[PDB]
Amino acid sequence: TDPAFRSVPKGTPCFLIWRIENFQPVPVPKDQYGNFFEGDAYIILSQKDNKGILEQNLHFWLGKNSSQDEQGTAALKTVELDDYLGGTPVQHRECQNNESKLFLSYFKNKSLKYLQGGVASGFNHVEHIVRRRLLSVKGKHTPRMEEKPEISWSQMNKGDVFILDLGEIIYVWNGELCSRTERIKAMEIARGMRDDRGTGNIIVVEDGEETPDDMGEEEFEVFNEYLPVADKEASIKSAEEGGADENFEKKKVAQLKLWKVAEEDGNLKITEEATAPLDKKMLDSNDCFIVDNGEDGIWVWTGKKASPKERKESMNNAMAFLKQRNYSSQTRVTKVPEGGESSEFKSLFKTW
């Protein structure tokens, strides 16, 4: 039972008013009865003892600017308060400037006043913002992916392969001096992204062949809208200006580090389990593990049989790494449930 409804007298007359605030009916101070905010929803319970019987009227008042969550909470809570009092109350839906005479009778002396504004909506707005990013695939033995801090030609070079990730449409741009292993590993990274999201068309782009003829009229528009071809030559870096493919891979292998978050005898310990080649069998379902890829992503692998303290402290310390090392905003911590590992997460493991 909602703790704001427990003090409702179940047999004696009363007159109570609640105000919906963040999915919760907050009781209104008694002297403020009648002061209604247009942006909020209220619940009004009237119980009168008319000639030996208790007539129970249950009104929920909806301001003209009330949010959808407040209107649904008022409707849901009215039913909850109805069933708690036996079901005998009668429900009335009251809208601003269209209230019933019974509702207005409660406030004839108390003065009904419509006030502007109200408490903020408890809803979290889902914006459905697509994550657009310029990816970099570079290496000799096994090319590694890196998310660039921007989407431009000044972030690219003619010696590597770049993935223009736009969600539903993926561009794989091959530099004219890119390796043969970079050309195939970029497809695996791209095809893994399309299989993780369940849909999407991949477009293969060669260096210098970005012409609306041998590329595509509509295909060129999207590419040029994010990567203008005119600004290419001044901004694109030479293959020589891009570093050594071997040095880049050596940097990325070194930053990989697997942490272990286990409970032991009730005292949680965070040891350094391994580095170097990482294997799938290192991840045990009875514990949690933090896969440290540094500025390119912190991944929290959560086993099915893990303890609650293991799950909470694994995210906490992974979040702690970000603030301590003062990583940029684009470095993210991602909880990875066992069995829901993405292709990008599996890429950090050499054997799987």
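Throughout, we count residues from 1 along the sequence that is shown.
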Stretch with higher mean Cα temperature factor, 191 to 199 vs 228 to 236, is 228 to 236
Mean temperature factor over C-alpha atoms, higher-scoring stretch between 39 to 47 and 309 to 317
309 to 317
Taking the Cα B-factors listed in the entry, which of 244, 85, 126, 256 comes out highest?
244
Most elevated Cα B-factor in the entry, residues 113, 140, 77, 280:
140
Determine, from the deposited record, the chain-internal third of the Cα B-factor for residue 121: lowest, middle or highest.
lowest
Taking the chain's C-alpha temperature factors as the reference, tell me which third residue 7 falls into: lowest, middle or highest.
lowest
Pull the Cα B-factor of residue 53 out of the PDB entry and bin it into the chain's lowest, middle or highest third.
highest
Among the chain's modelled residues, which third holds the C-alpha B-factor of residue 148?
middle
Could you look up the Cα B-factor of residue 204 in the entry and say which third of the chain it sits in: lowest, middle or highest?
highest
